[PDB]
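Coordinates from coords_2.cif are shown below (mmCIF, C-alpha atoms).
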data_entry
#
loop_
_atom_site.group_PDB
_atom_site.id
_atom_site.type_symbol
_atom_site.label_atom_id
_atom_site.label_comp_id
_atom_site.auth_asym_id
_atom_site.auth_seq_id
_atom_site.Cartn_x
_atom_site.Cartn_y
_atom_site.Cartn_z
ATOM 1 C CA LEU A 1 6.403 -3.145 5.088
ATOM 2 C CA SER A 2 3.930 -5.893 4.154
ATOM 3 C CA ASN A 3 1.475 -4.757 6.842
ATOM 4 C CA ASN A 4 0.129 -2.140 4.390
ATOM 5 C CA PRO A 5 -0.374 -3.701 0.936
ATOM 6 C CA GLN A 6 -1.742 -0.477 -0.567
ATOM 7 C CA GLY A 7 1.542 1.428 -0.428
ATOM 8 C CA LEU A 8 3.370 -1.665 -1.633
ATOM 9 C CA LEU A 9 1.053 -1.927 -4.633
ATOM 10 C CA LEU A 10 1.410 1.767 -5.483
ATOM 11 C CA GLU A 11 5.190 1.391 -5.478
ATOM 12 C CA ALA A 12 4.892 -1.793 -7.534
ATOM 13 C CA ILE A 13 2.648 -0.122 -10.117
ATOM 14 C CA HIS A 14 5.029 2.805 -10.475
ATOM 15 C CA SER A 15 8.067 0.559 -10.896
ATOM 16 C CA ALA A 16 6.322 -1.775 -13.349
ATOM 17 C CA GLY A 17 4.542 0.804 -15.488
ATOM 18 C CA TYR A 18 7.370 3.295 -15.718
ATOM 19 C CA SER A 19 10.869 2.835 -17.075
ATOM 20 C CA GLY A 20 13.504 5.183 -15.687
ATOM 21 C CA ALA A 21 12.555 8.237 -13.716
ATOM 22 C CA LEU A 22 9.241 7.465 -12.072
ATOM 23 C CA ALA A 23 10.448 3.858 -11.935
ATOM 24 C CA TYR A 24 13.214 4.787 -9.487
ATOM 25 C CA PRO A 25 11.887 3.274 -6.236
ATOM 26 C CA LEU A 26 10.906 5.355 -3.231
ATOM 27 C CA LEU A 27 11.445 2.972 -0.294
ATOM 28 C CA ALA A 28 15.138 2.163 -0.744
ATOM 29 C CA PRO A 29 15.579 -1.619 -1.268
ATOM 30 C CA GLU A 30 17.995 -3.472 1.011
ATOM 31 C CA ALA A 31 20.956 -3.399 -1.382
ATOM 32 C CA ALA A 32 20.565 0.356 -1.809
ATOM 33 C CA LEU A 33 20.236 0.753 1.960
ATOM 34 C CA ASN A 34 23.509 -1.102 2.494
ATOM 35 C CA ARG A 35 25.204 0.953 -0.219
ATOM 36 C CA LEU A 36 23.985 4.307 1.141
ATOM 37 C CA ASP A 37 26.369 6.527 3.072
ATOM 38 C CA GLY A 38 26.928 9.929 4.631
ATOM 39 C CA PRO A 39 29.305 11.278 1.976
ATOM 40 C CA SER A 40 26.864 10.075 -0.677
ATOM 41 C CA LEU A 41 24.106 12.080 0.997
ATOM 42 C CA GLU A 42 26.435 15.084 1.235
ATOM 43 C CA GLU A 43 27.242 14.985 -2.472
ATOM 44 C CA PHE A 44 23.609 14.429 -3.472
ATOM 45 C CA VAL A 45 22.390 17.365 -1.380
ATOM 46 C CA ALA A 46 25.179 19.692 -2.504
ATOM 47 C CA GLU A 47 24.475 18.833 -6.137
ATOM 48 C CA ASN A 48 20.687 19.144 -5.974
ATOM 49 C CA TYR A 49 19.699 21.513 -3.124
ATOM 50 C CA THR A 50 20.429 24.647 -5.139
ATOM 51 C CA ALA A 51 18.884 28.108 -5.158
ATOM 52 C CA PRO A 52 16.932 28.058 -8.483
ATOM 53 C CA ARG A 53 14.863 25.178 -7.082
ATOM 54 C CA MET A 54 14.027 26.414 -3.572
ATOM 55 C CA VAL A 55 10.705 27.863 -2.415
ATOM 56 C CA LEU A 56 10.169 29.203 1.105
ATOM 57 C CA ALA A 57 6.425 29.457 1.725
ATOM 58 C CA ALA A 58 4.781 30.851 4.852
ATOM 59 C CA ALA A 59 1.138 30.513 5.875
ATOM 60 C CA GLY A 60 0.516 33.067 8.619
ATOM 61 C CA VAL A 61 3.526 35.360 8.313
ATOM 62 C CA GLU A 62 3.769 38.951 7.140
ATOM 63 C CA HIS A 63 5.731 39.033 3.894
ATOM 64 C CA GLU A 64 7.971 41.932 4.913
ATOM 65 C CA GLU A 65 9.093 40.178 8.097
ATOM 66 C CA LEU A 66 9.654 36.876 6.306
ATOM 67 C CA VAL A 67 11.738 38.406 3.520
ATOM 68 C CA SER A 68 13.693 40.635 5.916
ATOM 69 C CA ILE A 69 14.682 37.598 7.975
ATOM 70 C CA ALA A 70 15.243 35.247 5.018
ATOM 71 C CA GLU A 71 17.291 37.383 2.607
ATOM 72 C CA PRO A 72 20.392 37.517 4.880
ATOM 73 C CA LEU A 73 20.169 33.699 4.963
ATOM 74 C CA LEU A 74 19.586 32.718 1.317
ATOM 75 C CA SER A 75 20.748 35.557 -0.952
ATOM 76 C CA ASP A 76 24.352 34.302 -1.143
ATOM 77 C CA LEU A 77 23.610 30.848 -2.546
ATOM 78 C CA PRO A 78 25.350 30.138 -5.868
ATOM 79 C CA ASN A 79 23.345 30.641 -9.053
ATOM 80 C CA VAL A 80 23.285 27.361 -10.992
ATOM 81 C CA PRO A 81 21.741 26.615 -14.428
ATOM 82 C CA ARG A 82 19.002 24.273 -13.100
ATOM 83 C CA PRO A 83 19.807 20.910 -14.746
ATOM 84 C CA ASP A 84 16.963 19.336 -16.678
ATOM 85 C CA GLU A 85 14.343 16.939 -15.327
ATOM 86 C CA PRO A 86 14.606 13.204 -16.045
ATOM 87 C CA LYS A 87 12.626 11.414 -18.728
ATOM 88 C CA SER A 88 10.288 8.464 -18.252
ATOM 89 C CA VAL A 89 8.111 6.502 -20.661
ATOM 90 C CA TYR A 90 4.926 4.763 -19.622
ATOM 91 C CA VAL A 91 4.894 1.447 -21.512
ATOM 92 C CA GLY A 92 4.727 -1.187 -18.806
ATOM 93 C CA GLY A 93 3.128 -4.451 -17.880
ATOM 94 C CA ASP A 94 2.742 -6.637 -14.823
ATOM 95 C CA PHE A 95 4.257 -6.937 -11.364
ATOM 96 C CA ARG A 96 3.345 -10.017 -9.350
ATOM 97 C CA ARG A 97 4.448 -10.871 -5.813
ATOM 98 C CA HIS A 98 3.377 -13.783 -3.631
ATOM 99 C CA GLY A 99 3.014 -13.417 0.124
ATOM 100 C CA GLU A 100 0.675 -14.573 2.877
ATOM 101 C CA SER A 101 -2.530 -16.550 2.366
ATOM 102 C CA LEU B 1 16.538 -22.933 0.276
ATOM 103 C CA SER B 2 17.474 -19.864 -1.786
ATOM 104 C CA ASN B 3 21.087 -21.036 -2.165
ATOM 105 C CA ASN B 4 20.143 -23.487 -4.971
ATOM 106 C CA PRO B 5 18.521 -21.426 -7.748
ATOM 107 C CA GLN B 6 18.485 -24.365 -10.185
ATOM 108 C CA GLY B 7 16.070 -26.452 -8.131
ATOM 109 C CA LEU B 8 14.021 -23.338 -7.436
ATOM 110 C CA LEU B 9 13.729 -22.621 -11.150
ATOM 111 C CA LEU B 10 12.726 -26.209 -11.906
ATOM 112 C CA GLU B 11 10.053 -26.131 -9.199
ATOM 113 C CA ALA B 12 8.885 -22.740 -10.466
ATOM 114 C CA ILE B 13 8.575 -24.143 -13.988
ATOM 115 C CA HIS B 14 6.431 -26.991 -12.704
ATOM 116 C CA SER B 15 4.233 -24.734 -10.568
ATOM 117 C CA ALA B 16 3.762 -22.033 -13.211
ATOM 118 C CA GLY B 17 3.313 -24.285 -16.231
ATOM 119 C CA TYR B 18 1.313 -27.213 -14.962
ATOM 120 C CA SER B 19 -2.126 -26.932 -13.364
ATOM 121 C CA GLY B 20 -3.181 -29.294 -10.599
ATOM 122 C CA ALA B 21 -1.625 -32.685 -9.957
ATOM 123 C CA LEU B 22 1.771 -31.829 -11.430
ATOM 124 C CA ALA B 23 1.602 -28.228 -10.204
ATOM 125 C CA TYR B 24 1.340 -29.392 -6.597
ATOM 126 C CA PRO B 25 4.580 -28.261 -4.920
ATOM 127 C CA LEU B 26 7.217 -30.755 -3.837
ATOM 128 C CA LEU B 27 8.850 -28.783 -1.003
ATOM 129 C CA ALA B 28 6.120 -28.049 1.559
ATOM 130 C CA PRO B 29 5.422 -24.271 1.690
ATOM 131 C CA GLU B 30 5.386 -22.443 5.011
ATOM 132 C CA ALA B 31 1.655 -22.584 5.750
ATOM 133 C CA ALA B 32 1.345 -26.275 4.912
ATOM 134 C CA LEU B 33 4.475 -26.969 6.955
ATOM 135 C CA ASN B 34 2.827 -25.268 9.920
ATOM 136 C CA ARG B 35 -0.432 -27.146 9.373
ATOM 137 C CA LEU B 36 0.842 -30.725 8.871
ATOM 138 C CA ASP B 37 0.263 -33.239 11.667
ATOM 139 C CA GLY B 38 0.943 -36.819 12.637
ATOM 140 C CA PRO B 39 -2.673 -37.863 12.080
ATOM 141 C CA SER B 40 -2.607 -36.111 8.697
ATOM 142 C CA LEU B 41 0.430 -38.124 7.618
ATOM 143 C CA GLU B 42 -1.050 -41.314 9.066
ATOM 144 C CA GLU B 43 -4.293 -40.902 7.130
ATOM 145 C CA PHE B 44 -2.397 -40.047 3.939
ATOM 146 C CA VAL B 45 -0.291 -43.201 4.262
ATOM 147 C CA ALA B 46 -3.257 -45.396 5.178
ATOM 148 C CA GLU B 47 -5.199 -44.163 2.152
ATOM 149 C CA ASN B 48 -2.331 -44.200 -0.362
ATOM 150 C CA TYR B 49 -0.072 -47.118 0.678
ATOM 151 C CA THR B 50 -2.062 -50.015 -0.757
ATOM 152 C CA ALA B 51 -0.939 -53.379 -2.091
ATOM 153 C CA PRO B 52 -1.345 -52.684 -5.861
ATOM 154 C CA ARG B 53 1.201 -49.908 -5.315
ATOM 155 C CA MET B 54 3.945 -51.899 -3.553
ATOM 156 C CA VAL B 55 6.955 -53.143 -5.510
ATOM 157 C CA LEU B 56 9.728 -54.841 -3.541
ATOM 158 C CA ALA B 57 12.772 -54.711 -5.814
ATOM 159 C CA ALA B 58 16.036 -56.457 -4.968
ATOM 160 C CA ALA B 59 19.458 -56.050 -6.553
ATOM 161 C CA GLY B 60 21.526 -59.110 -5.670
ATOM 162 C CA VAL B 61 19.044 -61.227 -3.739
ATOM 163 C CA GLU B 62 18.000 -64.745 -4.698
ATOM 164 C CA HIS B 63 14.327 -64.820 -5.635
ATOM 165 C CA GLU B 64 13.466 -67.902 -3.577
ATOM 166 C CA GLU B 65 14.704 -66.652 -0.213
ATOM 167 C CA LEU B 66 13.462 -63.129 -0.932
ATOM 168 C CA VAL B 67 9.906 -64.311 -1.543
ATOM 169 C CA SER B 68 10.099 -66.769 1.361
ATOM 170 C CA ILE B 69 10.922 -63.869 3.685
ATOM 171 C CA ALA B 70 8.625 -61.240 2.128
ATOM 172 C CA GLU B 71 5.480 -63.318 1.639
ATOM 173 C CA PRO B 72 4.397 -63.525 5.316
ATOM 174 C CA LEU B 73 5.007 -59.803 5.795
ATOM 175 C CA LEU B 74 3.058 -58.590 2.745
ATOM 176 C CA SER B 75 0.412 -61.110 1.636
ATOM 177 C CA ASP B 76 -2.009 -59.942 4.360
ATOM 178 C CA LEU B 77 -2.528 -56.381 3.115
ATOM 179 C CA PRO B 78 -6.042 -55.443 1.970
ATOM 180 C CA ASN B 79 -6.683 -55.550 -1.769
ATOM 181 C CA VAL B 80 -7.750 -51.956 -2.328
ATOM 182 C CA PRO B 81 -8.022 -51.213 -6.074
ATOM 183 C CA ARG B 82 -6.031 -48.463 -7.735
ATOM 184 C CA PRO B 83 -7.732 -45.044 -7.590
ATOM 185 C CA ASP B 84 -8.106 -42.929 -10.697
ATOM 186 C CA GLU B 85 -4.881 -41.281 -11.792
ATOM 187 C CA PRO B 86 -4.595 -37.614 -10.744
ATOM 188 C CA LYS B 87 -5.204 -35.763 -13.993
ATOM 189 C CA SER B 88 -3.379 -32.546 -14.827
ATOM 190 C CA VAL B 89 -3.367 -30.348 -17.921
ATOM 191 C CA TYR B 90 -0.406 -28.352 -19.198
ATOM 192 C CA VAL B 91 -0.821 -24.652 -19.947
ATOM 193 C CA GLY B 92 1.605 -21.812 -20.496
ATOM 194 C CA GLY B 93 2.959 -19.799 -17.615
ATOM 195 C CA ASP B 94 5.410 -17.168 -16.454
ATOM 196 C CA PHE B 95 6.932 -17.228 -12.979
ATOM 197 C CA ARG B 96 9.122 -14.374 -11.772
ATOM 198 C CA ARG B 97 10.696 -13.949 -8.334
ATOM 199 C CA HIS B 98 12.992 -11.084 -7.401
ATOM 200 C CA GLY B 99 15.718 -11.626 -4.846
ATOM 201 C CA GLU B 100 19.250 -10.823 -3.784
ATOM 202 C CA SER B 101 21.924 -12.436 -5.957
#
Can you dump the structure from the file as structure tokens?
Amino acid sequence: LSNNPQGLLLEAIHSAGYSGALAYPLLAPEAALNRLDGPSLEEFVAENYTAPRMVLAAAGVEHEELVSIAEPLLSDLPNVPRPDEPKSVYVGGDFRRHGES
Amino acid sequence: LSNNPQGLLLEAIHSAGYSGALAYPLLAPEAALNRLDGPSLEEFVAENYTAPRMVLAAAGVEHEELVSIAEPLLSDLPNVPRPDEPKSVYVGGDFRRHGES
């Protein structure tokens, strides 16, 4: 990872200067990587990948064709109440990490 | 070295609070470890191991025989005067190092 300090510093700024939601890291630290698992992914997907939060966007496709091929594949998903988005406050200070010379 | 967090914290206090002579690390960081050489050590010793900085202490040794044995082996060193004491100034400081634990 250290080969690109820009991405590392963006992640560091987000983690430092946000508290919960935006502070959740994006590159999966080693402890999280060890803890992660297939059933955990299954549960996460099944809980979050729901119909009221899915957009299928085409760039060079006729709309009639796209909808006629996509409705028999997505119309039977369960209708969920779209649970609310997380909160995050900005107050945040300094992150400092020492590496190469 | 990470298995002894107490010594690490003490060294971190010294490094992050002092500035200069007392902030110089005691445990040879990676780059300096790579760079050190036999001639470097030899020059350091030759410049810093002078007579006004030699104390031969003995615990249960008679003074007469001790001096009779240690006079020929030490009286011929050059009389280099003491250099100026390495001055350091104390400031505040915050050190913070994430890790697995």
Go ahead and compute the interatomic distance for CA of residue 5 in chain A and CA of residue 33 in chain B, in Å to one decimal.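 Taking CA of residue 5 in chain A as the start and CA of residue 33 in chain B as the end point, the length is 24.5 Å.
Interatomic distance, CA of residue 3 in chain A against CA of residue 31 in chain B: 17.9 Å.
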With the PyMOL selection byres ((chain A) within 12 of (chain B)) as the selection, what would be picked from this file? Answer as a list in words, please.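 The output of the PyMOL selection byres ((chain A) within 12 of (chain B)) on this file is residues 29, 30, 31, 32, 94, 95, 96, 97, 98, 99, 100 and 101 of chain A.
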With all C-alpha atoms matched in order and chain B superposed on chain A by least squares, what's the RMSD to one decimal? 0.6 Å
Could you please determine the separation between CA of residue 24 in chain B and CA of residue 80 in chain B in Å, to one decimal place?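 CA of residue 80 in chain B lies 24.7 Å from CA of residue 24 in chain B.
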Would you translate the PyMOL selection byres ((chain A and resi 8-15) around 12) into the concrete set of residues it matches in this file, as a ChimeraX atom specification? /A:1-7,16-29,88-97,99
To verify the selection step, state as an mmCIF file with C-alpha atoms, keeping the file's coordinate frame which residues the PyMOL selection byres ((chain B and resi 82) around 8) yields on this input.
data_model
loop_
_atom_site.group_PDB
_atom_site.id
_atom_site.type_symbol
_atom_site.label_atom_id
_atom_site.label_comp_id
_atom_site.auth_asym_id
_atom_site.auth_seq_id
_atom_site.Cartn_x
_atom_site.Cartn_y
_atom_site.Cartn_z
ATOM 1 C CA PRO B 52 -1.345 -52.684 -5.861
ATOM 2 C CA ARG B 53 1.201 -49.908 -5.315
ATOM 3 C CA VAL B 80 -7.750 -51.956 -2.328
ATOM 4 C CA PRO B 81 -8.022 -51.213 -6.074
ATOM 5 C CA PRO B 83 -7.732 -45.044 -7.590
ATOM 6 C CA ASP B 84 -8.106 -42.929 -10.697
#
Within 12 Å of residue 54 in chain B, counting only C-alpha atoms, which residues show up once you throw out same-chain ones fewer than 5 positions away? Write them as an MDAnalysis selection string, please. chainID B and resid 48:49 70 74:75 77:80 82
Centre and edge lengths of an axis-aligned box around all listed atoms of range 57-71 of chain A, with 8 Å added on each side, are to be given in Å to one decimal, as JSON.
{"center_x": 8.9, "center_y": 35.7, "center_z": 5.2, "size_x": 32.8, "size_y": 28.5, "size_z": 22.9}
Could you rebuild range 66-82 of chain A with N, CA, C and O atoms and give it back as a PDB file, in the frame of the given file?
ATOM      1  N   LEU A  66       9.070  38.108   6.818  1.00  0.00           N
ATOM      2  CA  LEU A  66       9.654  36.876   6.306  1.00  0.00           C
ATOM      3  C   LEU A  66      10.829  37.170   5.386  1.00  0.00           C
ATOM      4  O   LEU A  66      11.897  36.562   5.515  1.00  0.00           O
ATOM      5  N   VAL A  67      10.659  38.113   4.458  1.00  0.00           N
ATOM      6  CA  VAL A  67      11.738  38.406   3.520  1.00  0.00           C
ATOM      7  C   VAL A  67      12.904  39.084   4.232  1.00  0.00           C
ATOM      8  O   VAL A  67      14.070  38.813   3.924  1.00  0.00           O
ATOM      9  N   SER A  68      12.619  39.945   5.214  1.00  0.00           N
ATOM     10  CA  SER A  68      13.693  40.635   5.916  1.00  0.00           C
ATOM     11  C   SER A  68      14.512  39.679   6.766  1.00  0.00           C
ATOM     12  O   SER A  68      15.692  39.938   7.023  1.00  0.00           O
ATOM     13  N   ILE A  69      13.911  38.581   7.224  1.00  0.00           N
ATOM     14  CA  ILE A  69      14.682  37.598   7.975  1.00  0.00           C
ATOM     15  C   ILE A  69      15.291  36.522   7.080  1.00  0.00           C
ATOM     16  O   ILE A  69      16.276  35.884   7.476  1.00  0.00           O
ATOM     17  N   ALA A  70      14.757  36.316   5.877  1.00  0.00           N
ATOM     18  CA  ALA A  70      15.243  35.247   5.018  1.00  0.00           C
ATOM     19  C   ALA A  70      16.291  35.688   4.007  1.00  0.00           C
ATOM     20  O   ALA A  70      17.106  34.857   3.593  1.00  0.00           O
ATOM     21  N   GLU A  71      16.288  36.952   3.579  1.00  0.00           N
ATOM     22  CA  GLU A  71      17.291  37.383   2.607  1.00  0.00           C
ATOM     23  C   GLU A  71      18.713  37.279   3.142  1.00  0.00           C
ATOM     24  O   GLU A  71      19.580  36.759   2.420  1.00  0.00           O
ATOM     25  N   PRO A  72      19.032  37.726   4.362  1.00  0.00           N
ATOM     26  CA  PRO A  72      20.392  37.517   4.880  1.00  0.00           C
ATOM     27  C   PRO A  72      20.753  36.060   5.115  1.00  0.00           C
ATOM     28  O   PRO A  72      21.848  35.792   5.622  1.00  0.00           O
ATOM     29  N   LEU A  73      19.880  35.111   4.779  1.00  0.00           N
ATOM     30  CA  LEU A  73      20.169  33.699   4.963  1.00  0.00           C
ATOM     31  C   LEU A  73      20.156  32.894   3.675  1.00  0.00           C
ATOM     32  O   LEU A  73      20.581  31.735   3.692  1.00  0.00           O
ATOM     33  N   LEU A  74      19.685  33.459   2.565  1.00  0.00           N
ATOM     34  CA  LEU A  74      19.586  32.718   1.317  1.00  0.00           C
ATOM     35  C   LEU A  74      20.090  33.475   0.098  1.00  0.00           C
ATOM     36  O   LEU A  74      20.204  32.868  -0.972  1.00  0.00           O
ATOM     37  N   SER A  75      20.402  34.765   0.219  1.00  0.00           N
ATOM     38  CA  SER A  75      20.748  35.557  -0.952  1.00  0.00           C
ATOM     39  C   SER A  75      22.124  35.224  -1.507  1.00  0.00           C
ATOM     40  O   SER A  75      22.410  35.570  -2.658  1.00  0.00           O
ATOM     41  N   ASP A  76      22.981  34.565  -0.730  1.00  0.00           N
ATOM     42  CA  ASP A  76      24.352  34.302  -1.143  1.00  0.00           C
ATOM     43  C   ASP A  76      24.550  32.898  -1.699  1.00  0.00           C
ATOM     44  O   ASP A  76      25.692  32.487  -1.917  1.00  0.00           O
ATOM     45  N   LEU A  77      23.474  32.154  -1.928  1.00  0.00           N
ATOM     46  CA  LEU A  77      23.610  30.848  -2.546  1.00  0.00           C
ATOM     47  C   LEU A  77      24.091  31.000  -3.988  1.00  0.00           C
ATOM     48  O   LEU A  77      23.788  31.995  -4.650  1.00  0.00           O
ATOM     49  N   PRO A  78      24.858  30.036  -4.491  1.00  0.00           N
ATOM     50  CA  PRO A  78      25.350  30.138  -5.868  1.00  0.00           C
ATOM     51  C   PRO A  78      24.230  29.959  -6.878  1.00  0.00           C
ATOM     52  O   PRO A  78      23.312  29.159  -6.682  1.00  0.00           O
ATOM     53  N   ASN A  79      24.324  30.705  -7.974  1.00  0.00           N
ATOM     54  CA  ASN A  79      23.345  30.641  -9.053  1.00  0.00           C
ATOM     55  C   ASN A  79      23.770  29.551 -10.030  1.00  0.00           C
ATOM     56  O   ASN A  79      24.812  29.665 -10.681  1.00  0.00           O
ATOM     57  N   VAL A  80      22.962  28.501 -10.139  1.00  0.00           N
ATOM     58  CA  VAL A  80      23.285  27.361 -10.992  1.00  0.00           C
ATOM     59  C   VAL A  80      22.336  27.358 -12.186  1.00  0.00           C
ATOM     60  O   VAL A  80      21.322  28.069 -12.161  1.00  0.00           O
ATOM     61  N   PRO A  81      22.617  26.606 -13.248  1.00  0.00           N
ATOM     62  CA  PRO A  81      21.741  26.615 -14.428  1.00  0.00           C
ATOM     63  C   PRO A  81      20.573  25.639 -14.398  1.00  0.00           C
ATOM     64  O   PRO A  81      19.987  25.400 -15.457  1.00  0.00           O
ATOM     65  N   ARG A  82      20.224  25.065 -13.241  1.00  0.00           N
ATOM     66  CA  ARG A  82      19.002  24.273 -13.100  1.00  0.00           C
ATOM     67  C   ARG A  82      18.968  23.089 -14.063  1.00  0.00           C
ATOM     68  O   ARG A  82      18.247  23.128 -15.067  1.00  0.00           O
TER      69      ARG A  82
END
